[PDB]
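Okay, so here's just one chain, in structure tokens, the form deposited in one PDB entry.
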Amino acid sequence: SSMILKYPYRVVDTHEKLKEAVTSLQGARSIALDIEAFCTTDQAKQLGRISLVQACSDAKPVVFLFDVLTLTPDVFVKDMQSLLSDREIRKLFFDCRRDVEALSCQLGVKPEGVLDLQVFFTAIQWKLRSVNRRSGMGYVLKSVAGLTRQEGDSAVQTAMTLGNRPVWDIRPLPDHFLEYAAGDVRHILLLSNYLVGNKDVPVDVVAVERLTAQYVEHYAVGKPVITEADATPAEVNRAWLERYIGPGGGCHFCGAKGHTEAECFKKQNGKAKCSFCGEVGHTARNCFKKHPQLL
């Protein structure tokens, strides 16, 4: 699965290349998606103009970078909409809210069969700790796969953070912009191997598909979305978490919300440590080394 991180990118910027990419993605079971958009100077909620859509599936070891700007939304949608609409093909996102709004407003398509892995992580946190906070991809990759995420080129990130120019409008795109764009979908598809079809994961994939579908419905309405689904940008609607995931959990050792027993201070600090030999698990009064007359 760390093979996914070495998938090279192909730029899909012609009608011919688009048919080929579409043919390959049609054979997939899961497709990780992302959007790179023109930076908004204003810094309002919606993504700016779609520049690239990035796709990486379990059907081929490759990241497609669809140059929507060059192809035009019209040509892109003609060939991609049935695949986007096909609920039998899982679309994997990391925070789908804005991406879905953009697909709806700018391309006229609503994706079906969507799974939001940022929402998946929060659902796990809800189930175990009563935490409805959203985590960045870095934190999630670390916590779930033990991977330190290789950041993208700092020029790209800096240009974007300044917010005074579009950034993603230049053509051709330099190589380091393309490599930046390909980053997220590889991480998304990698991450889905740890979350989907894994019995160590305490939430059902279908419950998260159902929570994801609330986000798709809220954000794919053909127009800019005014009222947000979540109380603040960095969390997940608690009422939706109760509905699709169930009641929030907490620490089985001390009863408090916010942590599990493996992270409980009181559980670790409460365990017997031998004052004589140092080993956790017995007291001194039961220590074979301190008292050999117990052998």
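All residue numbers refer to positions in the sequence shown, first residue = 1. Take the two forms, superpose them, and find the largest set of C-alpha atoms that agree within 1.5 Å; that set is the rigid core.
Stretches 169-177 and 184-192 differ in mean CA B factor, with 169-177 having the higher one. In this entry, the higher average B-factor at the C-alpha atoms falls on 139-147, of the pair 99-107 and 139-147. Highest CA B-factor among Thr212, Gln81, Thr122, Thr72, as stated in the entry: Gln81.
Within the group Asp42, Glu235, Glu228, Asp34, the record's highest C-alpha temperature factor is found at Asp42. When all modelled residues of the chain are sorted by CA temperature factor, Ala159 is found within the highest third. In the deposited entry, the Cα temperature factor of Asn198 sits in the top third of values across the chain's modelled residues. Looking at the C-alpha B-factors along this chain, the one for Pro247 belongs to the middle third.
The deposited CA B-factor of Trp240 belongs to the lowest third of values across its chain. In the deposited entry, the Cα temperature factor of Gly152 places it in the highest third of its chain's modelled residues.
Below, we refer to the form deposited in another entry, which is not included among the displayed structures.
Fit the rigid core and compare the CA positions between this form and the one not shown: of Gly258, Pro247, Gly27, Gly270, just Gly270 moves by 2 angstroms or more.
The Cα position of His15 differs by less than 2 Å between this form and the one not shown after fitting on the rigid core. The rigid-core alignment places the CA of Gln46 less than 2 Å apart between this form and the one not shown. The distance between the CA atoms of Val280 and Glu263 is at least 3 Å shorter in that other deposited form than in the form shown here.
Relative to this form, the distance between the C-alpha atoms of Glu179 and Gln43 is increased by at least 3 angstroms in that other deposited form.
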